[PDB]
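One structure is given below, encoded as structure tokens.
Both counts, for ligands and for their atoms, begin at 1 and track the order of listing. FYI, side chains are in, hydrogens and waters are out, and symmetry mates aren't considered; it's all heavy atoms of this structure. Proteins get letters first, then strands, A, B, ... in listed order; numbering begins at 1 in each.
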Number of protein chains: 4
Amino acid sequence: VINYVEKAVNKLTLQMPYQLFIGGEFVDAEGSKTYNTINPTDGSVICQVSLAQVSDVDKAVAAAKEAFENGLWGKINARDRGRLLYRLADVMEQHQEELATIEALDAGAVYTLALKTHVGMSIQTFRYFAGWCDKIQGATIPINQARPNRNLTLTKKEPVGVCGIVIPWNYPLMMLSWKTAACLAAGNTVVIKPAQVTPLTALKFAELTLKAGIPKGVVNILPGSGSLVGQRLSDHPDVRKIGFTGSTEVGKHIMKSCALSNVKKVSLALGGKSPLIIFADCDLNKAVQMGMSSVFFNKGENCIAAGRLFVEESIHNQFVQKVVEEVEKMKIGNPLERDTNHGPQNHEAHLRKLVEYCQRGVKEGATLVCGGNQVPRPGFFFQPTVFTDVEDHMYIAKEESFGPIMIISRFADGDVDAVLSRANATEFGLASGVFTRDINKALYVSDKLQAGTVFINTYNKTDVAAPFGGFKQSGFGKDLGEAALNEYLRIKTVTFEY
Amino acid sequence: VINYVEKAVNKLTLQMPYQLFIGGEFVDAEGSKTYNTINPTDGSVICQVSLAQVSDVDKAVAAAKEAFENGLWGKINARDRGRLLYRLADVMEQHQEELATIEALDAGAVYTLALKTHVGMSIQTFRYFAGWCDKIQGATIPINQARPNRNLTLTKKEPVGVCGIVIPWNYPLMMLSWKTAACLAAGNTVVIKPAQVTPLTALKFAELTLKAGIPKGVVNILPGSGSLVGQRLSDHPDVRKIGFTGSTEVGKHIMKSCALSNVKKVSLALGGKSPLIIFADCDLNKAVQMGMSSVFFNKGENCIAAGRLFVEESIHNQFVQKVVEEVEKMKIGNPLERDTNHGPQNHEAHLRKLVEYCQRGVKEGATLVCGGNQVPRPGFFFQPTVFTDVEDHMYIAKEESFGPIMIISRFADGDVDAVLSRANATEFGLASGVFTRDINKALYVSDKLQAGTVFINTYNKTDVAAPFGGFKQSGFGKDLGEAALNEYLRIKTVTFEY
Amino acid sequence: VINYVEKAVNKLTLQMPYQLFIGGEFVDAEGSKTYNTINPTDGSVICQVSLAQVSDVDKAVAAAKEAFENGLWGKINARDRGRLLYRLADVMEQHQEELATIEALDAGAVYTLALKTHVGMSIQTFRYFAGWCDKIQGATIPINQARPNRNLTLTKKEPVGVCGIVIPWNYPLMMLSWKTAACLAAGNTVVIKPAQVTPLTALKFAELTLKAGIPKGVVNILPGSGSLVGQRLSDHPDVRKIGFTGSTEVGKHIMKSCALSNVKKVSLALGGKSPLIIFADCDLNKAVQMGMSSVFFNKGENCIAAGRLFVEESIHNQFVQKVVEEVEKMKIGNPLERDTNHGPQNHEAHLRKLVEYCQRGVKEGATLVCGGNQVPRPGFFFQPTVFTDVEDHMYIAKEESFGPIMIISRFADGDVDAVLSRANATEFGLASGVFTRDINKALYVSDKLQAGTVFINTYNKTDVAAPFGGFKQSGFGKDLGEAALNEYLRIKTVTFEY
Amino acid sequence: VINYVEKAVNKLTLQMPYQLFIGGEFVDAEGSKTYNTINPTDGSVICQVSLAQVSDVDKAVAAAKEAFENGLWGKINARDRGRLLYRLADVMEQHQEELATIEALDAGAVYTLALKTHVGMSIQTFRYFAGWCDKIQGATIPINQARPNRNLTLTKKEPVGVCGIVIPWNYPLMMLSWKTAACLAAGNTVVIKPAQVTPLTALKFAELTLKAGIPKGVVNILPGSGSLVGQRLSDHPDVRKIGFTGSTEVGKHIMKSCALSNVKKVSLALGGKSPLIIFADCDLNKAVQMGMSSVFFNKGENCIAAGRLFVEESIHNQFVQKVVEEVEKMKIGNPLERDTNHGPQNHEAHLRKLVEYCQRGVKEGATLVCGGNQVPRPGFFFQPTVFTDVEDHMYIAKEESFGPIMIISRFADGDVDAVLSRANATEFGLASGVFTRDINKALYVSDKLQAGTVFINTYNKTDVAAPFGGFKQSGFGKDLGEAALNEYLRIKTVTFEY
Ligand SMILES: NC(=O)c1ccc[n+]([C@@H]2O[C@H](COP(=O)([O-])OP(=O)(O)OC[C@H]3O[C@@H](n4cnc5c(N)ncnc54)[C@H](OP(=O)(O)O)[C@@H]3O)[C@@H](O)[C@H]2O)c1
């Protein structure tokens, strides 16, 4: 029997595994080491969670290797691999309320949003990639013939093997799902390291793989520290690919580690400072609604969040007035209250960074219009914040807050190339957006923006079929869409003479 | 007017540029520094070549950046970019004898081979990729609609920008062409670092880009050292991708440097220890001819060379006997002489390694059947070598010679999985081959071999349309074929709401 | 509430609808006209089925048009269309025993085969194409730019609209599923005409679309005659595409009718006379098993059945002896009995044709080795038959039997091109096969065979992912695979200047 | 030595073949039959041209069949087929002034336009498709495995064989080139029937195939009548595919003939009545320029010409005034004169139809604003024409003029869905257009338009890389782009068990 932490909450009795998941079983870490996971709504300890050690990483990688090389997963038809992944999505759907509640408790995700996005999109991801399994195809190629003989050349798409995936804490289940679905659909096996601060939905997910009948060792989950677990995964001689999502600085380190061990493949989904350009010829009330969402969605803990808004001079003051009006209407509180719009920040150290970020913004001369502070109440709540009079040289015009902080600059009426230059003057390149009713401006701006995703007259519109990844120091490689599969496949060329 | 080293040779008058090529002009390096390039047929100095410095790398990158951002290359139609690359191929064709002669002098490539392969395949590479320019396409994707509104999602394929490419010395022009053609077809601009020991066809190529009308700064060429030029390219904040071909150990360093600077993209085409499995049921005389070619082609300086031959017990002794007869018929000599079929090794340091390699082979207990030594004559000639009684634990069963050394092991009659296990017991995974008349065996073996390319009843059958790249510590990414374009493109997702 | 014909059989209760299915309801035909459907196991009447009239065709097309233009099917996300088709496959699976039993009663399909193939592959088909819905993608194309302006060109894949599909009787549910799954996945609506002699699984399928929640009018089913119902579908001005499977002569008429009405798109999956070439170097015992399967599978009522076997002279006599021995072992009888492996022919007129076919074979001088007659028991059973000494000019060498009749010719030892000529001497080109252990022969023969499918060392190996269709007078267009979708999609090119 | 009609015009000496082109030679038709080709600028006879008979069609098809089955074209590498097609494009470019002059004499094409489009796009078409030859690729497919055995399934793309193509007279060389280039790139051989009235560029093209070294019999050209030559091509037992461009009514007959003979594949590029919707929020002066182009380009002999303009009420009168001002500036004259804007109609019978068309427009009650008449000068010139107050029930609202007649209707301010319904109320669906600055309207309207091509803020923007084809009674199949290749290829599925 699996040991659970039991909790009666949100009309449910949650049953939460808290141990490492290796080779299809929940097990204590070496020396039974544990750590505390903290509820951000009140700062209380949810439970103790196993703290993976090096020997545990080695056990997990060994179980993944055996599952890949000798287990059922490497033998079944691609179509049957698809069936299992569809079934996993069904099991996740059957537990969707429980998963969303766990995400509310562990990450501070507003429950209504967690149902639809954190969990709903996770389900869509497994279903989408389940469909790809038997539709991954190689080629036959019309090469030059070695006359008087003949040649046939074909390519085969094959799995890469044992993969390690390292996940951040902002959407714990969803970020896990994005990478894991594509990885498994391609026929690989995996060791997953969730962010230390948010292990619980990953562990519940591990249990669901058992209910779905995923063969033992195909999925292994190791809560613990990046500097220990993530490091060993990146160094391991039997891991052939790392999928990493997190900060640019840690990304650099991970890629270095892959290089120095066995030149394992790596994908890097790193930070952003994404610009949103709002022209005077946009629908203004819609621009305010979408502009607010671009910043405040999931309490700003959103890698594609608009980190600068450029607003055309003639509409700037009305835009800011409408924003302040809307911001005052936002309900801050417990993620389980059904009218909550704004939940708490994910953990204490992040809240403190946001406090300092805003002090720095004021110190360097930006205008704090509203917010800027921790909300006085238990837990780790931060006020929705608006800065104006932001200039291009400022720290807050360059650095990603990863919090609910709207950072506004004017641009001159009738200018286009000049605002584009400013929007592109970052080493990041993850996302961007443009609001305008003018088809010509919309198309030109989307061409010129140096970012992996461009939203036109919307924001935060990701989709499991639409590839997602950054340019420049936001990294490389895609999650989602057909393109995600390529990170997890290798191509073998086979050439016959006959 | 360009400064040339003039040489009357092979019934031609060679005109060889010898300077750095930056922003469409031939220039001396900082401080007029130079180094000598050596003719491997007699060990003499061909000429002095400019020795690129750090300031020269920065100039080249700046010229590439300007050509990309502001020059004609970034403005013209993809179709017209194609026309220029085709014209480049035509200019190379018009200079084919001259290019093949330069490759004979600089790399010791046998002239008849250089004409057909080194140069002939380079021409095919530019023509093939010229065809791809206006056929690189993105997608429109059926995402979920934000009802009552509608959504359109498309992807755009865009160039990555300024690329650095670092090339080895075994097929100087061909290896340059593989990477450069795909890079340029994708709309990028490039800084190329040829191997220090083989700069001359690259510099002549640079002049041919002028004749073809390639805009200034699109192609820049920096002869010099890897530890200086290559390092600065991998470190440079304006370079966005490195394409690297060379040793696994240098590959590890390159990738690390990419990580620590600006997480530039990297492709790695590294070493191999490729197995060739010869079954008793093959066509024996053909297996001898193709087995010969798998080792001795281009004096063994061939990344896909068979590094181990596994021969079935019942035909082993007859195979070895027939190989020896054919080895004895090989004419060793000056690459410009028409009856030469074995030219000299590329440079002195490589010759020294081959000598040491065979010393270690004999020391550890392998049977040296013939060769193993430098040929007594001027230059850097190495006697075609055959080892038998090679056991799996031996150094020469594990390490890549990159020379004309056939390394033969036996396997028991009727065994298949046992010989596959041995063939796959390497950290490399570049190429492999199987000779057999049995359809079932050929298909099963090609499935089970852990290599990026599998040859069936042939060897060394590369084609510009067929992708080429390794698994495991042989690296990642493809040269050739449609797949090669992906390394040099980025995908932007554009999502509208309307 | 739906009216059923109820029957207790095969350890279940069959509930069979027997009326037309139009706009989501079961309804009598005009004038309450009906016809009898006949059980081929005993010659008895299963039940009366509604006989669709021209006015019923018009009602069905109108319901399909309305469902497409104004109903939910034309409004929902592609992903949600996928969900509904996956639910339909689930519902089919829940009713798999019932469906397979109906197929045994209506078509004479051996129940164990029907469960695995007739029904099992139908379920796979819906699941395969359900996965395609949100993976059907258009392109973005790098066209020449009208400088100083810019251009964006994309393609959109759109449904064709109302489709008519006309099905033969050999695999009633399976043939329906092949076409219907691809058609619906592409977002079309459909009017289906099952063969008059086999309406029952189509009508049960109709009921299952209600259980799955497929919107009204998306699927319409019209049992009746081709000369009436099929004709009107091909003539109808609101039908935009016809998918036809059947004889070559009816296909000609269908295509003509499409031309003369509104140039509706058409696919034709027509007859075949498929050659199987068996070389002396094959595995003989396996060649007998697979050779028998190529002819006798599904009592020979199989469009891809091998219609001629060419057997190398040196193994001919031993092959024929072994076939005769295995034929004697076949259990002919009631398709619901578990030991049965040869069921009755589909209907009486077909049995009569087979009797006449074999009489003609004997008259023209072929050696009847075994079979040739009706089996002396109730229903329409025909003996598994073997002819030898078949010459190229013979009627039975040219005409498709569509029954369990093995038609054997010799070819000289060592001939390859000579037998290929004879194998290709037909205006048909549906399938073909070759048995040999020789890799060079297999690859060469598969190149040279003029047929849409070539099996190598197997036969009857169809798969929902592998496209299926003929060449020459076997028609054009594919069922199955990604390729099938193109028959049911139209491409809209959209070009912007900005 | 080829017989020519020599003519000194346009500062060149034209050398025009005038005979049938069969199996690499120019030959007289049976009984030395001829007909006159007429210059539309003055009505004079240019020369006598061979008049192909049935026996001549049989000779051409035989030559094409021999070239495909036994000639060099079926033996060479795909890459070398590409080389020949690129050489063909080069030869066409070397003769571009001569070809453009012939097109001016034969078709009345304004010379400056013929250089850029009639000939310029023809050259681009051959270069584009030349690049496809070695990039046409099949697939490897992950089918279910027949355990304990394994399966490999691949597809091969193969040529269809002998094709017949039937061309109209509006862009004689360009229409020939569209179809011929894709057909030959796919590896087929061809018999071409140019429109009887415009045979000369086709015959000159034939001679250029000799200069380019295209093997004899690969291209055969038969000037003559459709009811004889075209009919026999559609009926021929050795022809496997017909590519037809022309009227809907002849298309119907063509498809019927394909049906009744050997179910040869057919593509149909038929008529159009393409709508152009102009919103009040467009750029008006640009809308006038592009609106005029949409009608008057190539004297209106343009299958995608806007056959109706719907103009928003508030801008209608100003739009009409501006069009009138600009029409008065058009220079009507000899197509060889550099100042000519508007050349003569293609032939006399077509001119007479246009006169009758405009009489009927006035009779039925539309307002004739300008033009409507034959210009008073020699040859077959027609005045650029503008109708307003066109109602939906009028003949000129339904029928394709195929001449320079702008047919304008109003729609109410704000009335998007209503104008769409009117624009879609046709059985044609070839092209369409929308002018608006509003991104929402542009995207919504392009979704809703029932046409194969939608232009947004432009018109007549075709490109060799963008597929072109209609919906509904405008036919099916694409010319141009990757999609065109599928009409000229067949897919063979090869499935191994091992
Ligand atoms: N290539 C493939 O995928 C494939 C698969 C299965 C079978 N087949 C071929 O099908 C043939 C066996 O079936 P069959 O001989 O019974 O075929 P068939 O006579 O051509 O009938 C096929 C269907 O067409 C209908 N039909 C007849 N006349 C029509 C008309 N004028 N307009 C529209 N529809 C009309 C028939 O209706 P009724 O019910 O009234 O007869 C039946 O539903 C064999 O040659 C076999 O190879 C091919």
All salt bridge (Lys or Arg N to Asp or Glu O under 4.0 Å) counterparts of C/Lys299, not counting sequence neighbours: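 Per chain and number, C/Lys299 pairs via salt bridge (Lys or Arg N to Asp or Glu O under 4.0 Å) with C/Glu301.
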Atom-level proximity to ligand 1, residues with heavy atom under 4.0 Å: C/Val166, C/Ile167, C/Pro168, C/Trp169, C/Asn170, C/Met175, C/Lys193, C/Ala195, C/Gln196, C/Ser225, C/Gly226, C/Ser227, C/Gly230, C/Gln231, C/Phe244, C/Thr245, C/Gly246, C/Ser247, C/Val250, C/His253, C/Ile254, C/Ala269, C/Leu270, C/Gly271, C/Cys303, C/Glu400, C/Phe402, C/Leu430, C/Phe468
Stacked cation flag D/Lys492 on C/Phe471, 6.0 angstrom / 45 deg: no
Polar side-chain atom of C/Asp479 near backbone of C/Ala484 as donor-acceptor pair, under 3.5 Å: no
Within-4.5 Å side-chain heavy-atom neighbours: C/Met292 and C/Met406: yes
Side-chain touch C/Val219/C/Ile192, heavy atoms, less than 4.5 angstrom: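 A side-chain contact under 4.5 Å exists here.
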Parallel, tilted or perpendicular: rings of C/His118 and C/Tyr171 (30°, 60°):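 If you compare the ring of C/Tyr171 with that of C/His118, the planes turn out tilted.
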